[PDB]
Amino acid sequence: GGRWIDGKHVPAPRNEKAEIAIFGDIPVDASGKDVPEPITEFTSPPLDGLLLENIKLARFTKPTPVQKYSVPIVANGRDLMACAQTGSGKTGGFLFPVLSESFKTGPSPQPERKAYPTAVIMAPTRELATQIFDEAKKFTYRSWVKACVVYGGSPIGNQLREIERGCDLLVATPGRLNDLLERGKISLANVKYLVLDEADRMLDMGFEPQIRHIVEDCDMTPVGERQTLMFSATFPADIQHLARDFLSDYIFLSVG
């Protein structure tokens, strides 16, 4: 794959043979301070050039209703609270801006046993974490970002070995991420992007104590310094309070 060498992104060359196995309206309200204009097409001056190539190899034509706002919002360095339905294209809604910004800014230096992820994505279930992981693997093609996925209800021994093989984008369920942090196998000090997907579901399952412990009680880059995206189909008070603590001057995006 690709590398990040001497503060520059060095992508790997294309492999035509693998690309076959890799690749083959809805109303929107964006409210907040200094909301940017939505993009109508995927363009490289806004988006990282390599990701744009992968987006075209995937044959994606038009940004979904969520992506047309999440791309410029994150490119401008702002936090995002997105209230969108399932079919809105949520996964790309946060994967594209995060991968785009990760491709162009790269990771922070590491004091090189621990993993130092640049991006962390929490999800309620193993299946959803696997879906996010699969899409991330697709669009990290040729890039420096190494994706990894962990989840509960599965032996932790093998997840540690996959972690030690390098981990720049980590998809996790909160319980298993908390267990790995207690074992001293992950450092959150290099986190530049934090995503909480279907956060209402995670709270419904009782994950809030672990999620807040992960974000506040450990060594994660603090709010305002990091960029944070929160996705939740609903916006109850407990989710409003999570957004207040985890986001900074966020833009509210409502789809459907």
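Numbers for residues come from their place in the sequence shown, where the first is 1.
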Looking at residue 24 and residue 25, the deposited sequence has unmodelled residues in between totalling 10 or more
As recorded in the PDB entry, how many deposited residues are without coordinates between residue 112 and residue 113: none, 1 to 3, 4 to 9, or 10 or more?
4 to 9
Comparing 5-13 with 240-248, which has the greater mean CA B-factor as deposited?
5-13
Could you check the entry and say whether 117-125 or 148-156 has the higher mean CA B-factor?
148-156
Of the options 98, 132, 83, 163, which has the highest CA B factor as deposited?
163
Given 191, 28, 229, 50, identify the residue with the highest C-alpha B factor in the PDB entry.
28
Which third, lowest, middle or highest, does the CA B-factor of residue 214 fall in along this chain?
lowest
Pull the Cα B-factor of residue 168 out of the PDB entry and bin it into the chain's lowest, middle or highest third.
middle
Residue 41: CA B-factor among chain residues, third -> highest
Ranking every modelled residue in this chain by its Cα temperature factor as given in the entry, which third contains residue 71?
lowest
Residue 143, C-alpha B-factor rank within chain (lowest, middle or highest third):
middle
